[PDB]
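# Architecture at a glance
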Amino acid sequence: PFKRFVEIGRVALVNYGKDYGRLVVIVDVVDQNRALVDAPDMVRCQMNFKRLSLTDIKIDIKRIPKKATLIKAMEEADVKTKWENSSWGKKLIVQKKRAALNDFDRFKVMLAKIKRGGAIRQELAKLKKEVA
Amino acid sequence: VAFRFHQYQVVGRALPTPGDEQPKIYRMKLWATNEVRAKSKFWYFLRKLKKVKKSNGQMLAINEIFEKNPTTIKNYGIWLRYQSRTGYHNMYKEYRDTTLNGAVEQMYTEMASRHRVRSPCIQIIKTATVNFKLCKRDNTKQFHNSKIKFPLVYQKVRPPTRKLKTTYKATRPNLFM
Amino acid sequence: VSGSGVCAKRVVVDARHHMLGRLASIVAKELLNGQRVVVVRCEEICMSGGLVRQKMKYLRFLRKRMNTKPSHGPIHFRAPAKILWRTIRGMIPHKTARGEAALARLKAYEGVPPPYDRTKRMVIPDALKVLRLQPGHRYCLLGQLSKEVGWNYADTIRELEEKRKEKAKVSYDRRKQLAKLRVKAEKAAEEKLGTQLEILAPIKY
Amino acid sequence: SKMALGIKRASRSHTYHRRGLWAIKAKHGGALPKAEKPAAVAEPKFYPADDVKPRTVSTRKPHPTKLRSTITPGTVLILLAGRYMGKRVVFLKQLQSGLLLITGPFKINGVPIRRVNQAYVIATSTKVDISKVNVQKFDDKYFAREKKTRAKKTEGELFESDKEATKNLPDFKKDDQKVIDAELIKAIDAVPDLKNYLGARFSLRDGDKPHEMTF
Amino acid sequence: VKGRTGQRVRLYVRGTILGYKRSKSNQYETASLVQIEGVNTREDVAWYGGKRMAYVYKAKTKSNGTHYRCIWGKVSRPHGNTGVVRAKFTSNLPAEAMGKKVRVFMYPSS
RNA sequence: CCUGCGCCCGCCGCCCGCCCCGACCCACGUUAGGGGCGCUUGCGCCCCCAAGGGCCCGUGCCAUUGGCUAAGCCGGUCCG
RNA sequence: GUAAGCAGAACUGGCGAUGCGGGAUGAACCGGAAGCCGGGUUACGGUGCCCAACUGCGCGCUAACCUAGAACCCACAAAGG
RNA sequence: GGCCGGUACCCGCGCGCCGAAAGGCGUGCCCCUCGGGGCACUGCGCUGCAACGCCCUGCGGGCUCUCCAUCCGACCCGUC
Ligand SMILES: [Mg+2]
Ligand SMILES: [Mg+2]
Ligand SMILES: [Mg+2]
Ligand SMILES: [Mg+2]
């Protein structure tokens, strides 16, 4: 068994180019390489499977839907928040936040993480001494 | 974005002469990379078909044609005349693509690959949209099915931009389809 | 290929399943750049083209010997470590001081001889079999090639790698246990710190 | 608007206004004044053989250096060269010579109120509220060296003797730093954690790419 | 690593000296080639273009109280598609200089 | 075996010369699959894309003066 | 002349008299003709390592159990399966 | 951001004030009419850009002289 197929409606992360990180719905496949991606801010266009990383979410739509139908299907399947909250998209969100930390916030993160490290170290030593 | 071909239509006629003071008018639909190449191809076809040369001809109009619905996939047919190494032949080619403009690119690439025929050797006799349920080629016909599903057998592992790529990486990548 | 530019004193390469010539060009440029590399488990380097093709390539290579003095001619090596060192020398300019200083930085081994067990063994993505050979095309392991061109240590590497694998497995189990107790420590300190640790909520995973 | 500024400056009428030929039509009646014949010294002490050329009192009046967009009075810089590299300081005001004027403050950083070139500083995105620091007393003469004569070659009896004695920085600068660091700690305690921040120094530890790193 | 001796701040981004501006058969020793640790794009060197470097080496004899010498230069312009830069030095580097490490500060900064 | 006026070895008191600037990181294995934790040891839950991650006072003019010093960490060193 | 890196002519250019970049190597093949330097950009040709530049973005065909094949001249292959 | 130049004319400066300083400051016509803009009458003379460093008989500076190492180039001259 495979867990993930290129099929109508499946949402895919775009993983290369100037549009890295967008979700796009594969609404139709051109041929064994190219498919149509429909997006809320991006108009339906073909893009190549080499540049798409398939995701875990499927939305249950028709082929080449009307844009309003696709948007309401994105709402009913809740792809934005599910993608954001799952670990894969949280990786991208956290990665862009670490991109957007400046010097002083980076310093406060350093402080908080030194104190976290000390706390974990002390707690681990205590529980390791409780372990016999 | 950019397309390597553009379907122009070129309209031309012979120069005025004392008899036939309005020489008759010829229209053509030519693929090329730009204006000047489309024009130079137009005089080719009206000098090997209609006996008119650029010196003794005159070009009146050249338009660049565009496509109606760039957002939808359209099964395209191309009837094309080509030169092999030892003669000429006639091919029929069915493609699925969002534009005829992209189908022509795909078709030159296919003739340069399957037959080592270059562009200077290829003629597009007739182009048309051969809508579904009337396509002839199997590779076109096999994408005519909703409820289609297939996994990706071939997926390059590659960092999103050239910045994120380094030469050593600790973990062997996890590939799964 | 211009190099990674990385800063390690030594960079090791777990050369299991990498294309010989591709690993060889990447490593050769690292050497020429001057960063000291050490390639291990060379007995595993996969080579495109079937085993019979690589065989006949090497047995053509055996014919090439200096007529009037074979002791002076092309020195045919058998062990996979030396096969790799020769394949990399063919890519480094080894008749100048720069090139010989480059090869001075290369150390290739069969297996993983100490002190290269307790270390992270880095793989080069641009050369792995999975990423460069279509699944279903012929390939051969330089270990099998040398085992059949007359390297008489395929067995002796094999017992030593069985021993090294079991000695690694026991320690990996130990580190699983240590990491699950570090994870219970991870959450135990987090629950003991409240607003002290809000700033790490948005950049953690 | 560099080129619009070029034309607006280049107009003949606007050049009349800028050179201010009115108020030169004011003083000498209704006309532009005559000029006369100076240099009636008529007392050359010595006659050079080479064709003589006088000293250049330079009449070109160069523009002032433009302080970077990301510099605000109160911005926490990053020193980059010299003995205070990595030191984080607070920018007081870009003084009249063009150089920046920064402070540690010396109570926390060891960086006194000192002059720093704009080239060697990286402005961070943080700011402080210091509109109640009274900085007007600082200028170029405060810092002008009057460097002394080279007859004093530092010898085995000077080496640590200058360290051990105090003929050094003066006490009005001592008291100066007290007044500024007081009125500036009173502005730093406002911003949380900032004293510890400035106490740290910026270090570009491994896995840090400056082109990526914001500030 | 912990409880270590050495420098306590790195205000410079290290790199390798890589060779010279070569054709397939010429060297123009005037412009050296340098790789910065961490740059992987031709537009990432946009931010380094101009920043000044130092080749730091040490001779056989003391001078002015040190063996250390340092020849100064700067990143002129990008070279290639992968963030290699061209470096201009006050004096052209030794060819033993290639393969060694050069210090790229951020002094003339913007 | 190891030069009876020769050398070896330990310690500390340092001087130079080398290297360096966080020069920190043990899994095996496949890739038409795999990984962690629980209980039917078969099935759940979760995670899989790149170490792009983790860890380390990570913050002192390669480091001012004295003093006390928990719990913790790291090093020299004896023991096993 | 069976042909020849042969012998004789027609138009032009080249070498000879000429460096330089490319074709690995070559007097005349490709680019191109020059005082000595600094800066920029190209031609021919290339970007896996030697070797300066992409293991770049795409699409097809080849699987060679003969040394698969890989540069204008150019270092060949034929009839035929 | 890179390389070059640094002023006898092109620019620029004084001949008025305000301004440490970039700079602003007047009259009259034309224009839209906020903002504000266009044009205008023009005169004498002058006319080698700056700031701060470092070294100064030194373990300094740099050398066209010598030796060596490395990189690239590189066949042995005369001659039919
Ligand atoms: Mg030779
Ligand atoms: Mg040039
Ligand atoms: Mg290269
Ligand atoms: Mg003769």
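Residues numbered from 1 in each chain as written, not as in the entry; some residues may be left out. Chains lettered and ligands numbered in written order. Part of a larger assembly, values for the part shown. Heavy atoms only, no water.

- The deposited coordinates, according to the entry record, derive from cryo-EM at 3.4 Å resolution.

- Per the PDB entry, the recorded name for chain E is 60S ribosomal protein eL33, and the organism is Triticum aestivum.
- This deposition appears in the PDB under the title "Wheat 80S ribosome stalled on AUG-Stop boron dependently with cycloheximide".

- Chain D is annotated in the PDB entry as 60S ribosomal protein eL6 of Triticum aestivum.
- In its Sequence similarities (unreviewed entry) section, UniProt records this for chain D: "Belongs to the eukaryotic ribosomal protein eL6 family." (UniProt positions renumbered as here; feature names shortened; annotations may be inferred.)

### So, the overall build of chain D
- Summing up its helical and strand segments, chain D has six helices and three strands in all.
- In chain D, the succession of α and β elements from N to C terminus is α-α-β-β-β-α-α-α-α.
- In terms of C-alpha radius of gyration, chain D reaches 26 Å, well past the compact-globule figure of 17 Å for 215 residues.
- Reported as C-alpha extents along the three principal axes, the dimensions of chain D are approximately 70 × 55 × 35 Å.
- For chain D, buried positions account for 30% of its 215 residues.
- Long-range pairs, those at least 24 residues apart, make up 59% of the contacts in chain D with a sequence separation of at least 6.
- If you sum the accessible surface of chain D, you get close to 16,400 Å²; carbon and sulfur atoms cover 55% of it.
- In chain D, 44 side chains carry a positive charge and 23 a negative one; their mean positions are 10 Å apart. (Helix = DSSP H or I, 4+ residues; strand = E, 2+ residues; numbered from the N terminus. Rg over C-alpha atoms; globule rule 2.2 N^0.38 Å. Buried < 20%, exposed > 50% of the residue type's maximum accessible area, 1.4 Å probe, protein only. Contact = heavy atoms within 4.5 Å. Areas by Shrake-Rupley, 256 points an atom, 1.4 Å probe, with all protein chains shown as cover. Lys, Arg positive; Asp, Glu negative; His and termini not counted. Charge placed at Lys NZ, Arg CZ, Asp CG, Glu CD.)

### Some words on the pairing of strand β2 (residues 27–36) of chain E
Residue and element names in this part refer to chain E.
- In this sheet, β2 lies alongside strand β1 (residues 13–22) in antiparallel orientation, the contact comprising seven bridges. Bridge pairing links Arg22 to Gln27 in β2.
- Joining the antiparallel neighbours β1 and β2 is a turn of four residues.
- Taken together, the four bridges between β2 and strand β5 (residues 84–89) define a ladder with antiparallel strand orientation. Across the sheet, residue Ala31 finds its bridge partner in β5, namely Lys88. (Pairing = 2+ DSSP bridges.)

### So, the packing of helix α2 (residues 51–63) of chain C against helix α6 (residues 142–149) of chain C
All names here are of chain C.
- Between α2 and α6, the shortest axis-to-axis distance is 10 Å and the interhelical angle comes to 50 degrees. As far as their axial angle goes, α6 and α2 are oblique. Both α2 and α6 take part in a crossing whose hand is right-handed. For the pair α2 and α6, the contacting residues are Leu51, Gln54, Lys55, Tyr58 and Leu59 in the first and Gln144, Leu145, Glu148 and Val149 in the second.
- Its residues placed into classes, the contact of α2 with α6 shows five nonpolar, two polar and two charged. (Axes fitted to C-alpha atoms, helices over the stretch in contact; angles between N-to-C directions. Parallel < 35°, antiparallel > 145°, perpendicular 65-115°, else oblique. Left-handed = near helix turned anticlockwise from the far one by under 90°. Nonpolar A, V, L, I, M, F, W, Y, C, P; charged D, E, K, R; others polar.)

### Some thoughts on the protein's contact with RNA strand H
- Neighbouring RNA strand H are 48 residues; D:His17, D:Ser58, E:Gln27, E:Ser63 and E:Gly65 lie closest to it.
- Protein-adjacent atoms of RNA strand H, using a 4 Å cutoff, are sugar or phosphate at a proportion of 54%.
- In this structure, a base oxygen belonging to RNA strand H sits 2.8 Å away from a side-chain N or O atom of D:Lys25.
- Note that a base oxygen of RNA strand H is positioned 2.6 Å from one of the backbone N or O atoms of E:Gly65.
- Residue assignment for the surface near RNA strand H shows that the elements contributing at least two residues are α4 (97–103) of chain C, α2 (12–19) of chain D together with β3 (52–63) and β4 (66–79) of chain E.
- A total of six residues in the surface near RNA strand H trace back to one element, the largest contributor, which is α2(D). (Near = heavy atom within 4 Å. Polar contact = N/O pair within 3.5 Å; in protein donor to acceptor, adjacent residues only side chain to side chain.)

### Regarding helix α1 (residues 20–33) of chain C
All names here are of chain C.
- For α1, with 14 residues, the first-to-last C-alpha span of 20 Å sits near the 20 Å given by 1.5 Å per residue.
- Within α1, 10 of the 14 residues are buried, which leaves it mostly tucked inside the rest of the structure.
- Within α1 the residues assigned to the buried category are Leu20, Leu23, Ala24, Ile26, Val27, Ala28, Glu30, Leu31, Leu32 and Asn33.
- A positive phi of about 110 degrees marks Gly34, the residue just after α1. (Expected span 1.5 Å × (residues − 1).)

### Some words on the interface of chain B and chain A
- Taken together, the contact between chain B and chain A spans 21 residues of the former and 25 residues of the latter.
- Interface of chain B and chain A: buried area, both sides summed, is about 2,400 Å²; carbon and sulfur atoms make up 58% of it.
- When the area that chain B buries against chain A is broken down by residue, the three leading residues are B:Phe150, B:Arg158 and B:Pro160, summing to 24%.
- Across the contact surface, chain B and chain A share one salt bridge.
- A:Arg34 is the salt-bridge partner of B:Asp97, the closest N and O atoms lying 3.6 Å from each other.
- For the pair chain B and chain A, the number of links is six residue pairs in polar contact.
- For the side of chain B that touches chain A, the secondary-structure elements that each account for two or more residues are β5 (87–97) and β7 (149–150) of chain B.
- In the side of chain B that touches chain A, the residues fall into 11 nonpolar, five polar and five charged.
- Pairing geometry for strand β1 (residues 6–7) of chain A and β7(B), over two bridges, is antiparallel. (Buried area = accessible area lost by both parts, 1.4 Å probe. Salt bridge = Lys/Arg side-chain N within 4 Å of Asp/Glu carboxyl O.)

### Focus: the sheet that holds strand β3 (residues 57–64) of chain B
Residues and elements named next belong to chain B.
- Here we have three strands laid out as an open sheet, ordered β2-β1-β3, and antiparallel in their pairing. Looking at strand neighbours, the two that pair on one side only are β2 (26–32) and β3, the edges of this open sheet. Strand-to-strand twist of the sheet, defined as the mean angle between neighbouring strand axes without regard to direction, takes the value 30 degrees.
- Sheet topology places strand β1 (residues 6–14) next to β2; seven bridges connect them, and they run antiparallel. Residue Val10 lies in a different strand from β2, and its bridge partner there is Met28.

### As for the sheet that holds strand β4 (residues 106–108) of chain C
Residues and elements named next belong to chain C.
- Pairing is parallel across the open sheet formed by three strands, whose spatial order is β1-β2-β4. At either margin of the open sheet sits one strand with a lone partner, and together these are β1 (11–14) and β4. Along the sheet, successive strands turn relative to each other by an average axial angle of 15 degrees, direction set aside.
- When β1 meets strand β2 (residues 37–40), the two strands line up parallel, connected through four bridges. Across the sheet, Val12 pairs through a bridge with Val38, a residue of β2.

### Description of the packing of helix α4 (residues 103–130) of chain A against helix α7 (residues 154–192) of chain C
- Relative to each other, α4(A) and α7(C) sit at 120 degrees, their axes nearing to 8 Å. In this view, α4(A) runs oblique relative to α7(C), as classed from their interaxial angle. Note that α4(A) runs across α7(C); the crossing there is right-handed. In this structure, α4(A) uses A:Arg116, A:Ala119, A:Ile120, A:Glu123, A:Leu124 and A:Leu127 to contact α7(C), whose residues at the interface are C:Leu181, C:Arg182, C:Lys184, C:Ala185, C:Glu186, C:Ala188, C:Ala189, C:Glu190 and C:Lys192.
- Residues belonging to the contact of α4(A) with α7(C) are distributed by class as follows: eight nonpolar, no polar and seven charged.

### Describing the pairing of β3(E)
Residues and elements named next belong to chain E.
- In terms of strand pairing, β3 meets β4 through eight bridges, oriented antiparallel. Looking at the pairing, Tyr55 lines up with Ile71 of β4.
- Connecting β3 to the antiparallel partner β4 that follows it, the hairpin turn spans two residues, and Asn64 within it adopts a positive phi of roughly 60 degrees.

### Describing the protein's contact with RNA strand G
- As a structural note, the neighbourhood of RNA strand G is formed by 41 residues, with B:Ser113, B:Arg158, C:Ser25, C:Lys29 and C:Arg53 the closest of them.
- Sugar plus phosphate: this is where 75% of the atoms of RNA strand G within 4 Å of the protein reside.
- With respect to RNA strand G, the backbone of E:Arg22 contributes an N or O atom lying 2.8 Å from a sugar or linking oxygen.
- Between E:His79 and RNA strand G, the recorded distance is 3.0 Å, taken from a side-chain N or O atom to a sugar or linking oxygen.
- At the level of secondary structure, the elements contributing two or more residues to the surface near RNA strand G comprise α2 (100–114) of chain B, α1 and α2 of chain C together with β4 of chain E.
- Looking at the surface near RNA strand G residue by residue, the class counts come to nine nonpolar, 14 polar and 18 charged.

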